[PDB]
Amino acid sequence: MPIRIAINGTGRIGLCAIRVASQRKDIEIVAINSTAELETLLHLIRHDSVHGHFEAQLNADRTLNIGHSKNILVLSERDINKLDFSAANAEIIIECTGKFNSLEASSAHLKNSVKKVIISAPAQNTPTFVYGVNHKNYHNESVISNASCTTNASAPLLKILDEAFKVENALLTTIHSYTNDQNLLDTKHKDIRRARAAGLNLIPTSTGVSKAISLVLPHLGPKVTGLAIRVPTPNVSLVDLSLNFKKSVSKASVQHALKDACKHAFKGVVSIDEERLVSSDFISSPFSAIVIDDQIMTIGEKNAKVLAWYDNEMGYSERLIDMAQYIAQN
């Protein structure tokens, strides 16, 4: 029987998770909790400024019908303690609100029929897994984190390149699309750079590179650090890794190592672009990272720069649902 999931929260990631899950024959979306009105939820699923149009219908009983998920119950309850997925018999919650990113907070979902929660973000005190990196270490934990979109792009690359050449240290920059955490126009924010108009500025902002890699690749965590620069694009981001290796490298040898991994251990997760594409070309791409083959470069015997694209909404959401399928069966 298809795995019975519910999506909590219908902003960018929840909307993308709905669309992704609707296309998976082994999944059934049995419920969605949204703070939007039903008709507005349907409208947002159907029409996306970046990703285009999507088929979705309202059944006669006012459940939704999307892809393989023909009977989706729509809820609207912000209070996680009042929220009740029982009428839908949900087993796995995809937690996409941004408001319960901790073990303690998301553990409130564990009641009634619900067995497991996957949090769409780094989460305090929560077992963290990245598909293709450390997901096989999963051991029946009931609440897990799928890390960040940047960690999903960078951890595969670090694992591949460490296995090939042995990472001594690396520095990461992500040139990253703006998100709904940012401000349209200059106004209060906890981060005084994210305070500033997102569409007008280059905005350096921390990202917890060292700590994230430490969770999924413990040996590499102390060896890497980095930051983000938010820029005026609405979706698709670019990780830029500057690496120092133990083994000597060339542009060609780095290219070959990455291509080999895409054929083998990272098939479906990492890809290679040899066509000289730009960010908009990767809208809706399902990969965690798409290496920019022609821009790989080396200097000295031991250093390389590797860039890779990722659709920070869709690649991540594909991984969320990959992880739901994995933890249900393992």
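Numbering starts at 1 and follows the sequence shown.
Entries skipping residue 168: at least a third of other ones: No, residue 168 has coordinates in all the other entries compared.
At least a third of other PDB entries omit residue 188: Yes, residue 188 lacks coordinates in at least a third of the other compared entries.
Residue stretch of maximal mean CA temperature factor, 292 to 300 vs 257 to 265: That would be 257 to 265.
Residue stretch of maximal mean CA temperature factor, 311 to 319 vs 21 to 29: Going by the record's values, the stretch with the higher mean is 21 to 29.
Residue with highest C-alpha B-factor in the PDB entry, from 157, 105, 133, 239: In this record, 105 carries the highest C-alpha B-factor of the candidates.
Criterion, highest CA B-factor; candidates, 94, 243, 231, 215: In the PDB entry, the greatest C-alpha B-factor among 94, 243, 231, 215 is found at 215.
Entry-reported Cα temperature factor of residue 186, expressed as the chain third it lands in: Lowest third - that is where residue 186 ends up once the chain's C-alpha B-factors are sorted.
Within-chain third of residue 167 by Cα B-factor, per the entry: Middle third - that is where residue 167 ends up once the chain's C-alpha B-factors are sorted.
Where the record places residue 208 (Cα B-factor, split into thirds across the chain): Highest third - that is where residue 208 ends up once the chain's C-alpha B-factors are sorted.
CA B-factor ranking of residue 280, expressed as a third of its chain: Its C-alpha B-factor belongs to the lowest third of this chain's values.
Relative C-alpha B-factor of residue 85, binned into the chain's lowest, middle or highest third: Highest third - that is where residue 85 ends up once the chain's C-alpha B-factors are sorted.
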